[PDB]
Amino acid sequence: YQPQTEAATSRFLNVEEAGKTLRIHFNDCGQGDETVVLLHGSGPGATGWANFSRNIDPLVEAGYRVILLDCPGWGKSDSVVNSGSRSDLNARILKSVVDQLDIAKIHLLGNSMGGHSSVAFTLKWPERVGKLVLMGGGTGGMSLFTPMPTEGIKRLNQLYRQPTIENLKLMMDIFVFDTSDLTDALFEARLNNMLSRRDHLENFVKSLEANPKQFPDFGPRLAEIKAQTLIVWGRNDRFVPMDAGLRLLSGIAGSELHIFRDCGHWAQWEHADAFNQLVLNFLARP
């Protein structure tokens, strides 16, 4: 097995959204019968590839087709200004990409914003989803115990307005439990993605100005989900409180929640092996 590469799996497709046509980027990996979509977080400089670099190969080696969608406003995809539901917007784009590639069912691994988007997608088109895996996100709403805006979201919002190296370091320093895990390659890739697309950073800020609540609260509709769901969270997540994971657990019947204590807001990376093993086990369930 030869590890996958970004350039080799890179692809584009057009999607119709609100009367306008936008070019959307995504990485297509492997060819398996079952497909697994990975939706990135909302950090500045984030892309499907950089977010899931440590989880792509275990999925392909296992025989899954892996697609990492870069939501508009991030990566090589066109930028956009969202004044409505960010969650539903991305879900719409994924829907188009999925229909065009003629893919019937998909498993979802949503990270942070990706989690909200996966729940939105599953809520809208349940018949098009197999299993759902949520990490650090999934539903909008208030935390019962942690102050908001959270310590992390403040640094993320600040970085977006002032895309400096210092703010990138300020944000990432509390993004993961053990910063010794952050690599220079990782850091440099984000920074490069940040500075290479200032149109994204500017539109993200504008989206917040146009609509402060980018993510709907799907709480009351969680009873609708029939997909076998697995929720993953870090106990020390400083961006999205852990009790959000508890809410998702209480709302989705038959779900399970796995919490890593020594972990921040990026479990798929901080505890990659434990994570990839949980996911593969989960995805293999009947």
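Start at 1 with the first residue shown and count on from there.
As the entry records it, the average C-alpha temperature factor is higher for 64 to 72, out of 64 to 72 and 224 to 232. Look at the mean CA B-factor for 100 to 108 and for 177 to 185 in the entry; the higher one is 177 to 185. Highest CA B-factor among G84, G152, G141, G115, as stated in the entry: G141.
Among all modelled residues in its chain, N51 ranks in the middle third by Cα B-factor.
Among all modelled residues in its chain, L278 ranks in the middle third by Cα B-factor. Ranked by Cα temperature factor within the chain, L159 sits in the highest third according to the deposited record. Ranked within its chain, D217 lands in the middle third, by CA B factor from the PDB record.
Ranked against the other modelled residues of its chain, the C-alpha B-factor of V36 as given in the entry falls in the middle third.
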